[PDB]
C-alpha cells in the first residue's frame, strides 16, 4: 500500500532537471540516475517531452557522440544563431553542444565531435584549469548572454555561444559551503540567483537578488532558504533542479531532485514558486503531489484495472540514510504500483526470477481495448518484451513480440480487440514497471 515517493514528474530516476517550454511543448533535460554505480556512471542523454506536463515520453538519445559517456546536469536548450545550444557536464567537465532542433542530434560546438578522458580541447572553459560543473545560461533583455556554473561562478558568454569571456567573477552569498546547481532568472526587473548548499538529505537552495545586473552586486533577504527538508511530509534534500514558467505567463515553478533511494537513485518533483509584493521569494511549500496539467488538452481516458498479479515481487528495500539518521524509508515493489497513477511507485520482479518474469492486468470483464502504454524501470537501457491477451486467464494469444531493447518510454502496443486479461513477459531489461496504462 504505502508509497513514500508519491507522484514524481517523470517515470524514471532523474536529477538536476532543466525544464522549459519550446513551441508549446514541454521539455525536460536531466541527469539520468538508477544505473547502480553511484557517481561513476550515469544513464545516457535523453530528453523527456509532454504536451500537458502530465504525460511524458522520450525516444532515443538527443546527443549521439555523448551517448556512452557519463552525462550530468544539462542546461536548458538555448535558442541562438538559428540553432539550439546546450551545456552538459560530460565525464566531469562542461562542453558546449549545438543542434538544429531541441530533439537533436546535438554535436560538440567546439572542436571534433568525440570524447576521451579526462577531457578534450572541446571544453566550454578554455583556461589552463577548465574545471567546473552544472552550467546554467541566461540571456538578458539587452541580448547579453551569461554562463553561471558551480561554486558560484559567472562570466559573460560571447554571441558565438562557445567563447566564455576572460573576466570570471564569483558571486558573494551569506551562506558559505560548497555550492552547485545554480539557477538564475529575471522577473519584473529583479535578478534572482539560486544556489545549492549541503548534499544528500541536507541539500538546500538559498538565494540572493540584484536590481543591478546578472553579475551583481547582490543582496540577501532574511528568508533566504527556498527549499529544505520537510520532515512532516517526508521530503528530504530538495536539491539541484530549475525554475521555469510557461511562455507568456507569470506562473513560476520550482523543480527539485529528492534524496530518493540514496546516492544516484533520485527522482524529480515540481511545486509552485510564489513571490511577495516586495519581490522576495516565498519559501516553497514542498509536496510529492506535483502541479497537475499546465495545459488543457484532450486525452483518452484510461481503463480501470480490477486486479493485477505478477510472477514475483522483489523484497522491500530498506533505504539507508547518508547524512540524516532519521531519514528512514522503505520502498515496496507490489504489482498494484504498476497501475496506481504515481510515478514514484513501481512494481519490480524478484532478482532471482530472471527467466521471463511477468505481470497480468485483469480488467474484470471482457472489454474493447485500444492500446497499452508501459513505462518500464530503467527505460534508457531498453526493454525487450512480449505482450499477450486472454479471454479467460489461461489461454493466451501473443499480440506482439519485441526482441530488440528499444530505448524509449512508454512502449506502446496498439491492440483494438476485445479481451479481459493482458500479460507482459519481460525478455530483457530491468524487470519492473512504474506505470502501465490501458486505453
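Residue numbers count along the first chain shown, from 1.
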Discussion item. If you take the mean CA temperature factor per stretch, which one wins between 385-393 and 61-69?
Written reply: 385-393
Worksheet item: Between 410-418 and 370-378, which has the larger average Cα B-factor in the PDB entry?
Response: 410-418
Worksheet item: Of the options 76, 176, 153, 262, which has the highest CA B factor as deposited?
Response: 176
Worksheet item: Of the options 364, 182, 237, 92, which has the highest CA B factor as deposited?
Response: 364
Worksheet, complete the sentence: Of the three thirds of Cα B-factor ranks in this chain, residue 136 occupies the lowest
Worksheet item: Against its chain's modelled residues, does residue 427's Cα B factor rank lowest, middle or highest third?
Response: highest
Item to complete: Would you mind ranking residue 343 by its C-alpha B-factor against the rest of the chain and naming the third, lowest, middle or highest?
Response: lowest
Item to complete: Could you tell me which third, lowest, middle or highest, the C-alpha B-factor of residue 49 occupies within its chain?
Response: lowest
Discussion item. Based on the deposited C-alpha B factors for this chain, I'd like to know if residue 309 is in the lowest, middle or highest third.
Written reply: highest
